[PDB]
Amino acid sequence: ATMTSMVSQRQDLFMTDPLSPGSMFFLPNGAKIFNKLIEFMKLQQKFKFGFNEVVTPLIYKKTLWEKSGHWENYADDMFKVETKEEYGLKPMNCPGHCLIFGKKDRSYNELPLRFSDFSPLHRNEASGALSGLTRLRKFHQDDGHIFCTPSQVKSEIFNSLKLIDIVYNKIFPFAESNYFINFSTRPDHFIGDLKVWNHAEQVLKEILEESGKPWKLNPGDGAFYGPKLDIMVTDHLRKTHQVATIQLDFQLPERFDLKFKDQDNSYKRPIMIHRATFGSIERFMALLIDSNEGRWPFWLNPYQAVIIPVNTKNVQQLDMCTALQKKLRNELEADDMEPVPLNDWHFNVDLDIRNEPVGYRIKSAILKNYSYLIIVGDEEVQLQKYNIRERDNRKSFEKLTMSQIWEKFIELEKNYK
Amino acid sequence: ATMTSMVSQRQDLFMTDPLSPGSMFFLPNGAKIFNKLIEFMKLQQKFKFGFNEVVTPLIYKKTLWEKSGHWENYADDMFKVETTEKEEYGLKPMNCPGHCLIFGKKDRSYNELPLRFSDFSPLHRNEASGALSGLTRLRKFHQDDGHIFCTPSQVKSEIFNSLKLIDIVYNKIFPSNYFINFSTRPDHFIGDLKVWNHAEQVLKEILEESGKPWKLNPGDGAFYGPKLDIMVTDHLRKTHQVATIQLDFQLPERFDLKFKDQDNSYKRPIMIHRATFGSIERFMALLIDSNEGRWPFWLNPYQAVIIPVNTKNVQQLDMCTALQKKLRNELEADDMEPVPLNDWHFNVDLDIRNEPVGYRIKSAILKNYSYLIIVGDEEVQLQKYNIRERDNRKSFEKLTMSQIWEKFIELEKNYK
Ligand SMILES: Nc1ncnc2c1ncn2[C@@H]1O[C@H](COS(=O)(=O)NC(=O)[C@@H](N)CO)[C@@H](O)[C@H]1O
Ligand SMILES: Nc1ncnc2c1ncn2[C@@H]1O[C@H](COS(=O)(=O)NC(=O)[C@@H](N)CO)[C@@H](O)[C@H]1O
Ligand SMILES: Nc1ncnc2c1ncn2[C@@H]1O[C@H](COS(=O)(=O)NC(=O)[C@@H](N)CO)[C@@H](O)[C@H]1O
Ligand SMILES: Nc1ncnc2c1ncn2[C@@H]1O[C@H](COS(=O)(=O)NC(=O)[C@@H](N)CO)[C@@H](O)[C@H]1O
Ligand SMILES: [Zn+2]
Ligand SMILES: [Zn+2]
């Protein structure tokens, strides 16, 4: 029994199976949230923070991992693929993005060059370390790599902090006291020179102090390629978890011999910034469950609304419920050829017509954590209005029409509420 | 293949590297089209054809691939993973066995049927190095995969519905446009020969009731069942297998899949394997092979380009930058206001290069921008924009910022 077990059971979110341990199954309801969080992050990355999404391979030749230093300094966590050339299943996206950078000639005008990647990653974690969605063998990162110049680093990290603030302080609050930063310094197994490393830590520390973010030193817990700014979120058992991370990399550009044409018409190395906001879609989703206990916001809820007729055998009530569900689900027939258009609204509304008392079905709804409960009795049929209430306030009853509820549910998603 | 390679360099679509043979790289513009197609398919699958997307693991133990029968029929065309006991894993070449596990985790009723699962996971097939060809044959690819669990009574209607989706893609949105290859029992097949002949009998009737063109492609069916292979032709008149409908009576028996019928008796569900694009990669390769870079507006990574006649004219830029701001619909990275769901965003570039206005038009015809927007002082005086289509030279029009905004939206709300 873990951090997400009860809610996963109750809402049919995920599934494990001993034929692929450490990897897990997103059931239809669980996948909706997975896709919604990604959809959110893509919008922020593409239309506000200037990222360009790429899709990269999963397996690469051993020779690549030897460049990046993963093959030696990350051998404990890397899966190896075989069919006389040996391959590695990627635990990270960075080398693939380095190949992208080095494929063409790069101008200083292209910088900062930002790539994002939602590829599934594989890390051979120890069987004991495995735990729920927080630590998996397979997972997806909202990964991003920024190639920039020395004068662009400070502003790029601040931008990454802004997106982090929107996520952890505005959209998914768990102002301040939502997270603190671990200043993770040079580990025991590292690549590169100490001169470079000390410079890297100076730069990062200096930026860390301008941000004014709560922080503490986490000595010898950086990456083998660079020092990190690890966003730490605390759960209900007062245990911290690393989610978002900002990593300063002077090493991989040299390892891959990356270069760009600068203003002085000379070739210099780009500076590489590793960053993710969720960290992984899985772990971040696990920490949401730990805090909301299944009580999702409307825009994220797999159970957005349930319509409950008082008398399940009353045809008048049923027509009224059936109509609203059709309206809110907004779904076409497989009979014709009319395709589902883009940017249209579809809501996860259900219909409880089990032959059980209305009170039992309402209690059943609140247990499943439906964001809204819509009840239809005779008074509703007469008024042609639906008695809609909020999940977390049983005195939020109001009578709206089919149109009003439709427009209400839209204003909720356009406000991320 | 080399037209794909031609368009790719022009529009910066894809990329390969000898560090990963058979695996594609999707550069920003290339990944955009990739995402658009998936976005289109997900919409039709969820809101019109009653599918439910799941996310399944990419590696499973050797055990599963024996239970499914892939470990003997595929283990050459399958990657193996090395773990810490020492049970070996297999990088999945298909999604099917993983969906059987899902069906056989909860007890199932006849009420849940037809039960449909969709999956867009990346697949890995260790193809021959000499079989590799651009985006058509890769070692890594994504399928718009689907799996239906139904009763024998439902197979007919359920395969038709899959054809209705096929009719949309190939005859309406991305255009006989195809014929069906009736692939029958392969040599290395599994299961009882009795149920095979039955499956091929039912599949033929459905194929006959359809009224769609088909040839017999004997011995090229799947080891787990006969398949309706949808074939599309090149400009070189060569055929390619994209969409497919496969009737499985075997895998449900391999996994001992049961469901409760209405008479309270337990029976086996029937598996229908299906993809409409087949793979996004191969499907993309055939669009490029057909349009030669001339993308539709809703798929184009180059939707519009704004060209000011005098690149030093402050007023012309103020009017050009205003339209680009409007059309792109972005936000600033220095505030806390999030990009909202279901807003519109268009790929509009701004050509302020110090070159004659004609040279910057030539440079956009070759980029295959769906629309060319031009601003001179004649337009500045009118506060209207001079816009033309790509494929019609005499298409020029004078619209406002609001008009172009709504025009572009309508094109996207119609898959135009
Ligand atoms: N085994 C795991 N399971 C789930 N999530 C993980 C796992 N390992 C790391 N993460 C998440 O992914 C984030 C990034 O991990 S990281 O190793 O520190 N950083 C990277 O791998 C770089 N590729 C970042 O671009 C972590 O902060 C954490 O939120
Ligand atoms: N916000 C809630 N949290 C927990 N349980 C609730 C909540 N709201 C209602 N219930 C439970 O659901 C059941 C219904 O309670 S009720 O208010 O009296 N029911 C009704 O008002 C309607 N059935 C009448 O039309 C009770 O078991 C109650 O305890
Ligand atoms: N190596 C490949 N590269 C690109 N696309 C491929 C490749 N192999 C198959 N496909 C595409 O994917 C489709 C499905 O492949 S299939 O083998 O015939 N069908 C399956 O594997 C089943 N899992 C479908 O449910 C093909 O019709 C083709 O369009
Ligand atoms: N659809 C097209 N296909 C090929 N070439 C084109 C096309 N449209 C324009 N061009 C080329 O682009 C150049 C500019 O054409 S043009 O219409 O006459 N240019 C102008 O009118 C501008 N100078 C004034 O606004 C010419 O070389 C022309 O041959
Ligand atoms: Zn990285
Ligand atoms: Zn299949």
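Quick notes on the rules
Residues numbered from 1 in each chain as written, not as in the entry; some residues may be left out. Chains lettered and ligands numbered in written order. Heavy atoms only, no water. Residues with missing side-chain atoms left out of burial classes, pairs and counts. Domains from an automatic or database assignment. Contact = heavy atoms within 4.5 Å. Buried area = accessible area lost by both parts, 1.4 Å probe. Salt bridge = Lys/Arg side-chain N within 4 Å of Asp/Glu carboxyl O. Polar contact = N/O pair within 3.5 Å; in protein donor to acceptor, adjacent residues only side chain to side chain. Helix = DSSP H or I, 4+ residues; strand = E, 2+ residues; numbered from the N terminus. Nonpolar A, V, L, I, M, F, W, Y, C, P; charged D, E, K, R; others polar. Pairing = 2+ DSSP bridges. Near = heavy atom within 4 Å. Axes fitted to C-alpha atoms, helices over the stretch in contact; angles between N-to-C directions. Parallel < 35°, antiparallel > 145°, perpendicular 65-115°, else oblique. Donors = N, O, S within 2.8 Å, 3.2 Å for Na, K, Ca; no water. Buried < 20%, exposed > 50% of the residue type's maximum accessible area, 1.4 Å probe, protein only. Areas by Shrake-Rupley, 256 points an atom, 1.4 Å probe, with all protein chains shown as cover. Expected span 1.5 Å × (residues − 1). Left-handed = near helix turned anticlockwise from the far one by under 90°. Right-handed = clockwise from strand over helix to strand, strands pointing away.

Method of structure determination, per the deposited record: X-ray crystallography was used for this entry, reaching 2.87 Å resolution.

Peer 1: Would you explain the domain arrangement of chain A in this entry?
Peer 2: Residues and elements named next belong to chain A. Domain boundaries assigned for chain A yield domain 1 (1-293) and domain 2 (294-417). One C-alpha centre belongs to domain 1, the other to domain 2; they are set 38 Å apart. Taken together, the contact pairs 21 residues of domain 1 with 13 residues of domain 2. Summed over both partners, the interface of domain 1 with domain 2 comes to about 1500 Å²; 55% of that surface belongs to carbon and sulfur atoms. Along the contact surface separating domain 1 from domain 2 lie two salt bridges. Residues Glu 293 and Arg 295 are paired through a salt bridge, measuring 2.6 Å at the closest nitrogen-oxygen approach. Our count for the domain 1 to domain 2 interface comes out at 12 residue pairs in polar contact. Breaking the side of domain 1 that touches domain 2 down by element, the ones donating at least two residues are α1 (5-11), α2 (28-47) and α9 (281-292). Broken down by element, the residue count for the side of domain 1 that touches domain 2 peaks at eight residues, all from α2. Residues that form the side of domain 1 that touches domain 2 fall into these classes: 11 nonpolar, five polar and five charged.

Peer 1: Sorry, what's going on with the sheet that holds strand β3 (residues 52-53) of chain A here?
Peer 2: Paired through backbone hydrogen bonds, the strands of a sheet run either parallel or antiparallel to each other. Across the sheet, which stays open at both edges, the eight strands sit in the order β3-β7-β10-β17-β14-β13-β11-β12 (chain A) with mixed pairing between neighbours. Two strands close off the open sheet at either side, each with one partner strand: β3 and β12 (215-218) of chain A.

Peer 1: So what exactly am I meant to see when it comes to the site of ligand 1 here?
Peer 2: Residue and element names in this part refer to chain A. Residues in close proximity to ligand 1 total 20 residues, the closest being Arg 123, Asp 143, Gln 242, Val 243 and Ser 280. At a separation of 2.9 Å, a nitrogen atom of ligand 1 approaches a polar side-chain atom of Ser 280. Contributions of two or more residues to the shell around ligand 1 are made by β10 (143-148), β14 (240-249) and β17 (271-276). For the shell around ligand 1, the element with the highest residue contribution is β14, accounting for four residues. Across the shell around ligand 1, the residue classes break down as five nonpolar, nine polar and six charged.

Peer 1: So what exactly am I meant to see when it comes to the packing of α2 of chain A against α9 of chain A here?
Peer 2: Packed helix pairs are characterised by how far apart their axes lie and by the angle those axes make with each other. Residue and element names in this part refer to chain A. Running from N to C, α2 and α9 cross one another at 110°; their axes reach a closest spacing of 11 Å. As the angle between them shows, α2 and α9 are arranged roughly perpendicular. Seen from α2, the contacting residues are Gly 30, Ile 33, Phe 34, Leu 37 and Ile 38; seen from α9, they are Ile 281, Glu 282, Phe 284, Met 285 and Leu 288. Looking at the contact of α2 with α9 residue by residue, the class counts come to eight nonpolar, one polar and one charged.

Peer 1: I tried to follow the sheet that holds strand β20 (residues 372-376) of chain A on my own but got confused; where do I start?
Peer 2: Residue and element names in this part refer to chain A. Strand order in this open sheet of five strands is β19-β18-β20-β21-β22, and the pairing throughout is mixed. One side of each edge strand has no neighbouring strand; the edge strands of this open sheet are β19 (349-351) and β22 (393-400). For this sheet, the mean inter-axis angle between neighbouring strands, taken without regard to orientation, is 25°. By the bridge criterion, three bridges tie strand β18 (residues 305-309) to β19 in an arrangement that is parallel. Looking at the pairing, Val 306 lines up with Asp 350 of β19.

Peer 1: I'm lost on unusual backbone geometry in this one. Help?
Peer 2: Leaving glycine aside, a negative phi is the common case for residues, and trans is the common case for peptide bonds. Cis rather than trans, the peptide bond between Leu 111 of chain A and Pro 112 of chain A has omega equal to 0°. Tracing the backbone through its elements, the reader meets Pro 112 of chain A in the loop between α5 (94-101) and β7 (113-117). Along the chain, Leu 113 of chain B connects to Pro 114 of chain B via a cis peptide bond; the corresponding omega equals 0°. Along the chain, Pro 114 of chain B falls in the loop between α5 (96-103) and β7 (115-119). The residue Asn 330 of chain A is not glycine, and still its phi comes out positive at about 55°. Of note, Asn 330 of chain A is situated in the loop between α10 (315-329) and β19. Of note in the backbone geometry, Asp 256 of chain B takes a positive phi value of approximately 55° without being a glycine.

Peer 1: What am I meant to see in the coordination of the zinc ion (ligand 5) here?
Peer 2: Six octahedral donors around a metal ideally sit at 90 or 180 degrees from one another, while four tetrahedral donors ideally sit at 109.5 degrees. Only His 145 of chain A (NE2) and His 274 of chain A (ND1) from the protein reach the zinc ion (ligand 5) as donors, at distances of 2.5 Å. The residues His 145 of chain A and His 274 of chain A share a single accessibility class, namely buried.

Peer 1: Can you help me understand the site of ligand 2 in this one?
Peer 2: Residue and element names in this part refer to chain A. Neighbouring ligand 2 are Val 358, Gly 359, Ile 362, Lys 363, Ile 366, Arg 389, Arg 391 and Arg 394. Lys 363 is positioned with one of its side-chain polar atoms (N or O) 2.5 Å from an oxygen atom of ligand 2. For ligand 2, a nitrogen atom lies 3.3 Å from a polar atom in the side chain of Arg 394. Starting from 600 Å² of accessible surface for ligand 2 in isolation, the protein chains cover 51%. It is helix α11 (residues 358-367) that provides the largest number of residues to the shell around ligand 2, a total of five residues. Across the shell around ligand 2, the residue classes tally to three nonpolar, one polar and four charged.

Peer 1: What am I meant to see in helix α13 (residues 402-413) of chain A here?
Peer 2: Because each turn of an α-helix spans 3.6 residues, side chains separated by three or four positions end up pointing in the same direction. The end-to-end C-alpha distance of α13 of chain A is 17 Å, a good match for the 16 Å that 12 residues give at a rise of 1.5 Å each. Within α13 of chain A, the full set of buried residues consists of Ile 405, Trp 406, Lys 408, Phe 409, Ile 410, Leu 412 and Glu 413 of chain A.

Peer 1: Hey, could you run me through the packing of α10 of chain A against α13 of chain A in this one?
Peer 2: Residues and elements named next belong to chain A. Close contact between α10 and α13 brings their axes to 10 Å; oriented N to C, the two are set at 30°. The angle between α10 and α13 places the two elements in the roughly parallel class. In this structure, α10 meets α13 at a crossing whose hand is right-handed. Listed contacts from α13 to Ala 323, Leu 324, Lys 327 and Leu 328 of α10 are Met 402, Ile 405, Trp 406 and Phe 409.

Peer 1: Even after reading the chapter, I still don't get the pairing of strand β18 (residues 304-308) of chain B, so can you show me in this structure?
Peer 2: On a regular strand, one side chain projects to one face of the sheet and the next to the other, so that they alternate. Residues and elements named next belong to chain B. Taking burial as the measure, the five residues of β18 include five buried ones, the bulk of the element. Going residue by residue along β18, you find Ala 304, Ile 306 and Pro 308 tucked away on one face and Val 305 and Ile 307 tucked away on the opposite face as well. With three bridges joining them, β18 and strand β19 (residues 348-350) adopt parallel strand pairing. Across the sheet, the residue bridging to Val 305 is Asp 349, located in β19. Once the chain exits β18 it traverses helix α10 (residues 314-328) before rejoining the sheet at β19, and the crossover so formed is right-handed.

Peer 1: In this structure, what is going on with the interface of chain A and chain B? I would like to understand it.
Peer 2: A common measure of how large an interface is: the accessible area buried when the components associate. Taken together, the contact pairs 79 residues of chain A with 82 residues of chain B. Of the residues forming the side of chain A that touches chain B, the biggest block, 11 residues, is contributed by α2 of chain A. When its residues are assigned to classes, the side of chain A that touches chain B shows 41 nonpolar, 14 polar and 24 charged. Inspection of the sheet shows strand β5 (residues 79-82) of chain A paired to strand β5 (residues 79-82) of chain B by three bridges, in the antiparallel sense. Bridged to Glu 82 of chain A within β5 of chain B is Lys 80 of chain B.

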